[PDB]
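Chains as they are written, first to last, in PDB author numbering: chain C, 7 to 65, 69 to 225; chain A, 7 to 65, 69 to 225; chain B, 7 to 65, 69 to 225; chain D, 7 to 65, 69 to 225.
Here's the structure we're looking at; comments come further down.
4 protein chains.
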Amino acid sequence: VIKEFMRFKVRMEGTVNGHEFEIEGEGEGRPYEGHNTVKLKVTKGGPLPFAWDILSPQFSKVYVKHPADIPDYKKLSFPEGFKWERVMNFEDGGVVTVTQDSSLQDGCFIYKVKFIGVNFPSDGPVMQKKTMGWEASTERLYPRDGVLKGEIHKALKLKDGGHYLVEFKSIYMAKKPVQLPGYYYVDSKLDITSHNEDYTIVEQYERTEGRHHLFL
Amino acid sequence: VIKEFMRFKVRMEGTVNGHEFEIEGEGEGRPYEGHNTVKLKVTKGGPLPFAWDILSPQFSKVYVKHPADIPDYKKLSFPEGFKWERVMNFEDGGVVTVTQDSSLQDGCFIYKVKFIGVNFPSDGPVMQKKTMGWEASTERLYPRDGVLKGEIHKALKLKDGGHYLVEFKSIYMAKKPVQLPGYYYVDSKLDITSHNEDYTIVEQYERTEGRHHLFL
Amino acid sequence: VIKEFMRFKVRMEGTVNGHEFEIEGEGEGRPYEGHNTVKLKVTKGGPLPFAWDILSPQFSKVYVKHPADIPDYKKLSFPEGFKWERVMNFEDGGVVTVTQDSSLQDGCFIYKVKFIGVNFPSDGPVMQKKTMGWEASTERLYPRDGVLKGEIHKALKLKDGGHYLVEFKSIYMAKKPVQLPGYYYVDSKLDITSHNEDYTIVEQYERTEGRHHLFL
Amino acid sequence: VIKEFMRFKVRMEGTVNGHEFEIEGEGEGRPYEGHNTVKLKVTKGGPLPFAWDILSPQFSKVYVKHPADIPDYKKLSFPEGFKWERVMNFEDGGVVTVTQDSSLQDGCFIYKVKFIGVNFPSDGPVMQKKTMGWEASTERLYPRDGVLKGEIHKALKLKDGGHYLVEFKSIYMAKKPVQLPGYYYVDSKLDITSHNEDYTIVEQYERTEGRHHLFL
Numbered sequence: 007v008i009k010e011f012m013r014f015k016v017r018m019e020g021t022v023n024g025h026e027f028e029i030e031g032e033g034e035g036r037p038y039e040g041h042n043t044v045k046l047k048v049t050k051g052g053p054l055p056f057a058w059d060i061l062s063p064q065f069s070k071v072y073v074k075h076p077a078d079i080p081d082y083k084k085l086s087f088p089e090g091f092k093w094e095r096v097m098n099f100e101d102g103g104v105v106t107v108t109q110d111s112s113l114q115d116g117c118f119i120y121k122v123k124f125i126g127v128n129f130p131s132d133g134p135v136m137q138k139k140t141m142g143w144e145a146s147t148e149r150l151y152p153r154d155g156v157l158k159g160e161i162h163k164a165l166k167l168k169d170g171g172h173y174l175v176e177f178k179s180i181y182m183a184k185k186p187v188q189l190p191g192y193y194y195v196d197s198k199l200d201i202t203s204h205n206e207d208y209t210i211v212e213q214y215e216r217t218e219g220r221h222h223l224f225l
Numbered sequence: 007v008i009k010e011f012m013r014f015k016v017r018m019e020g021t022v023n024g025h026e027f028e029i030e031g032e033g034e035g036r037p038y039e040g041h042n043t044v045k046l047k048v049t050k051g052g053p054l055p056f057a058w059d060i061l062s063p064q065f069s070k071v072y073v074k075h076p077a078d079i080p081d082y083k084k085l086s087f088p089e090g091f092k093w094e095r096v097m098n099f100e101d102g103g104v105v106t107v108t109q110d111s112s113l114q115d116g117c118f119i120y121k122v123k124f125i126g127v128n129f130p131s132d133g134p135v136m137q138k139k140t141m142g143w144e145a146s147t148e149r150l151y152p153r154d155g156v157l158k159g160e161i162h163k164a165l166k167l168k169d170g171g172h173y174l175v176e177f178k179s180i181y182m183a184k185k186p187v188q189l190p191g192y193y194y195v196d197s198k199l200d201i202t203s204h205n206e207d208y209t210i211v212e213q214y215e216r217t218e219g220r221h222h223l224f225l
Numbered sequence: 007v008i009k010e011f012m013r014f015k016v017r018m019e020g021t022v023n024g025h026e027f028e029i030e031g032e033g034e035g036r037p038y039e040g041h042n043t044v045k046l047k048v049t050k051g052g053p054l055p056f057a058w059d060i061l062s063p064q065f069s070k071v072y073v074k075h076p077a078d079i080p081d082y083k084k085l086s087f088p089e090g091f092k093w094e095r096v097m098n099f100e101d102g103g104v105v106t107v108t109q110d111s112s113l114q115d116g117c118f119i120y121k122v123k124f125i126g127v128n129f130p131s132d133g134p135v136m137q138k139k140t141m142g143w144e145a146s147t148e149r150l151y152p153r154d155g156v157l158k159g160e161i162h163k164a165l166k167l168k169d170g171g172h173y174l175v176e177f178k179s180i181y182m183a184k185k186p187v188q189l190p191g192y193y194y195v196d197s198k199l200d201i202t203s204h205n206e207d208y209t210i211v212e213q214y215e216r217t218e219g220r221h222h223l224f225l
Numbered sequence: 007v008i009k010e011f012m013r014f015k016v017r018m019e020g021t022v023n024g025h026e027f028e029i030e031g032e033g034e035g036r037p038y039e040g041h042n043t044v045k046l047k048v049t050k051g052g053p054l055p056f057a058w059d060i061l062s063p064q065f069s070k071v072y073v074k075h076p077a078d079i080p081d082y083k084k085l086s087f088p089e090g091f092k093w094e095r096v097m098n099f100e101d102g103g104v105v106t107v108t109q110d111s112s113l114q115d116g117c118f119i120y121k122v123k124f125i126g127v128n129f130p131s132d133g134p135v136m137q138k139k140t141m142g143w144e145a146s147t148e149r150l151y152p153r154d155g156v157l158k159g160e161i162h163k164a165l166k167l168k169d170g171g172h173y174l175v176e177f178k179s180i181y182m183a184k185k186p187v188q189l190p191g192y193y194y195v196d197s198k199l200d201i202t203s204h205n206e207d208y209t210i211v212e213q214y215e216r217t218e219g220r221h222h223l224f225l
């Protein structure tokens, strides 16, 4: 079902401060190694009048490398798949909710994303495109309400120095109740590997792996 | 442009905890008197697996009665119109973002809404449909970032007694720059006037008027 | 117990961004008319390195005028009195928690307050003293867990224009379970009537009255 | 100044939901190895009417083991020392702010803590004492405003199962500006190693170490 190498296609429909847009992409990676890349294209509403960085994390948790003793809830959910939703609370008031469906079709993962971002200050980092990528991050996960949940304290690097803080709250829901893991963590590092002048064509790379707390 | 009697058409595309649905409706009211009603039909995704109440407020401020000394930002925005976005933070973790466009076509207001609700507990008031309508409310508004903003501490009455709290944060954005008001308030009371057994056909009534603080 | 005219004494022990201070005051008013004034003096920690405005609201609801049909929980709590606590969430990260005890000693109300404020940006309106008093406000109250709770969307006027937003969450706890009101509101307007340059000596006036929603 | 072995004494003055209490203790540890213990005694307000767990993390970061390439801001602040403040946002509404001062005297660290906790549901995990200790955690830190800040997504284990979520927001302020680290993490695991029936006497052990993200 989930091969050593897997490709995926994604489509996002979103709005940010009243500006609607569409994005289509194709990616690939090694689900058991914790690596995956993706190439995106703004197919509608481009060039985007905000930082591409807020969208990069919405474009693969099935590719998270999991140790044998931590049930890989997301991988187990296939072939049916899972859905995930998320809240992004930015420190200057901006708020985003995301809903996504992940399925398996013709040997390829299919991602469907709906994005709504609101309340971003007009002179803030997002609308002024002053961000420079995310710092590597660490997610705290745990089972609840029959599904998997996780929170992350993330940060975008600012062009003029400093950080722009964003709290991530995600909900991973398998389409069939498969084995859930316990309290654990997932380290991720997402890099923008290429981009044209106006970010209408972008490529990303993500390394992500789950683990127990260094149990210090 | 804004007659004493105006009708409107509305369509909402939304998702709540991974459940997709569509709703279309028709309303009418008296913009200078602060009254307006609307009849809705769940055109897709019905019956809804959640409380209808969280949707009722996404279904009119151009109909808010305003004193002569308080600029009616929304009315002034027409014929072009305005967009409004919103964040609803529920006390039990549920979060929703909404983005809407309000326009005027041949004497009839046109509303287009996109709604995304996430993180609602499966045993909570919303997913268990234990709500019984909203209490009348009072929104605190003010100008900022060249637009109009307002927050509200609202509450849903619970069938088993008590209230279910929700904080509202809205942004009203005219499509063309117009006169903004100062720090003021808007009282509203929304009632569900009719509904079939599964809430696939619902009618609503809302009275809403703006005013200065009772200037105590 | 509660006469048409009542005086009170207050003492606050507080800390803000690592700065310790103490304040003592004396006030008076007409509990049944909704008016009361208070005079403060910074006895330790002066001059304060932050805006006085964040402290003014911690210095009386027993003086809130209530309609005969709305139980005046706070007045009913005496002679024993009541305790109140509160959270103030500032839009720029600043957070404050307050705990207070109100008693009646020799026909005089006695207020004991503890205050801890943290996370205020050193460049923010608070630490830079860029505020000019609060806008009149409106609190939303309701009963819960045997006590009375209330929330407010308040705002401080900024010297250079605009507002600085702060959300209030209060908990009023009678020392003995006395009668509680239903869902209602309380309007208030606090004004600094006098003060020296460094706010080591200040006088305040507050008008506050309870009521049902104007019911729109 | 900071030897391989160091003792400390601490005193806490706090209040929770109107209940006041005072705690005194003494601990010891190995600053460069990341190990430290502490023994507490509720000297006033005991037996506490709430879960001891919310207080345990308020009782040593100068004992965090740091790699040579990461400036140990907190150790460098001595002999004068540093102050730290914090906000703990509990998922059911509870909110706590803490302010603390850390100094070095006659070769012994001296800790003074003030604590105010409010808005805990009378039937919640805290007031019902339904918690069973913290899960090991991971704090995300970064420099800002000349000081060191960090956030943590923590969880308290529940007796009836599941977790009780709490977000930590801390600010570490050296009394003199000493070198700051960059974006990094601190792992910690605090265990209650001893306690009498009513938690009026308690002992704790904490292992905490700083490090760069596993830099995936």
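Yeah, the Cβ is synthetic: ideal placement off N, Cα and C, and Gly gets one too.
Distance, residue j Cα to residue i Cα
i: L225 (chain B); j: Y82 (chain B); result: 26 angstroms
i: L167 (chain C); j: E212 (chain A); result: 48 angstroms
i: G24 (chain A); j: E30 (chain A); result: 20 angstroms
i: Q188 (chain B); j: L223 (chain B); result: 23 angstroms
i: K139 (chain A); j: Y151 (chain D); result: 43 angstroms
i: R153 (chain D); j: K163 (chain D); result: 22 angstroms
i: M136 (chain C); j: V107 (chain C); result: 19 angstroms
i: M18 (chain B); j: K84 (chain B); result: 22 angstroms
i: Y193 (chain B); j: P37 (chain B); result: 18 angstroms
i: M12 (chain D); j: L113 (chain B); result: 48 angstroms
i: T147 (chain B); j: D169 (chain D); result: 40 angstroms
i: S69 (chain D); j: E28 (chain D); result: 18 angstroms
i: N128 (chain D); j: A57 (chain D); result: 14 angstroms
Terminal residues of the alpha helix (DSSP H) in which residue i lies
i: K83 (chain A); result: 82 to 85
Bounding residues of the beta strand (DSSP E) (the contiguous stretch that carries residue i)
i: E34 (chain B); result: 25 to 36
i: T209 (chain C); result: Neither: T209 (chain C) is in no beta strand (DSSP E) and is coded neither H nor E.
i: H204 (chain D); result: 193 to 204
Residue i (DSSP reduced to helix, strand or coil)
i: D59 (chain D); result: helix
i: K47 (chain D); result: strand
i: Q109 (chain C); result: strand
i: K70 (chain A); result: helix
i: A164 (chain B); result: strand
i: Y151 (chain D); result: strand
i: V187 (chain D); result: coil
i: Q137 (chain B); result: coil
i: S146 (chain C); result: strand
i: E10 (chain C); result: coil
i: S131 (chain A); result: coil
i: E89 (chain D); result: coil
i: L225 (chain A); result: coil
i: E100 (chain D); result: coil
i: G219 (chain A); result: strand
Compile a chain-ordered list of the residues in the stretch 139 to 159 of chain D whose CB is closer than 7 angstroms to at least one CB of chain C. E144, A145, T147, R149, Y151, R153
Would the stretch 90 to 107 of chain B count as touching the stretch 199 to 215 of chain A if we require 3 or more Cβ pairs under 8 angstroms? no
Members of the stretch 167 to 185 of chain C that neighbour chain D once the beta carbon cut-off is set at 9 angstroms: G171, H172, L174, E176
Short-range partners of chain D found in the stretch 10 to 38 of chain C, where Cβ spacing is below 7 angstroms: none
Three or more C-beta pairs below 8 angstroms linking the stretch 181 to 197 of chain A and the stretch 83 to 90 of chain A: yes
If we count Cβ pairs, one from each stretch, closer than 8 angstroms, do we get three or more for the stretch 194 to 208 of chain C versus the stretch 38 to 58 of chain C? yes
Taking any Cβ of chain B, which residues in the stretch 115 to 132 of chain D have a Cβ under 9 angstroms from it, in chain order? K123, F124, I125, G126, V127, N128, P130, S131, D132
When you check each C-beta in the stretch 86 to 109 of chain D against every C-beta of chain C, which residues fall closer than 9 angstroms? none
Which of the residues in the stretch 186 to 205 of chain D, read from start to end, lie with their CB under 8 angstroms from any CB of chain C? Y192, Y194, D196, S197, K198
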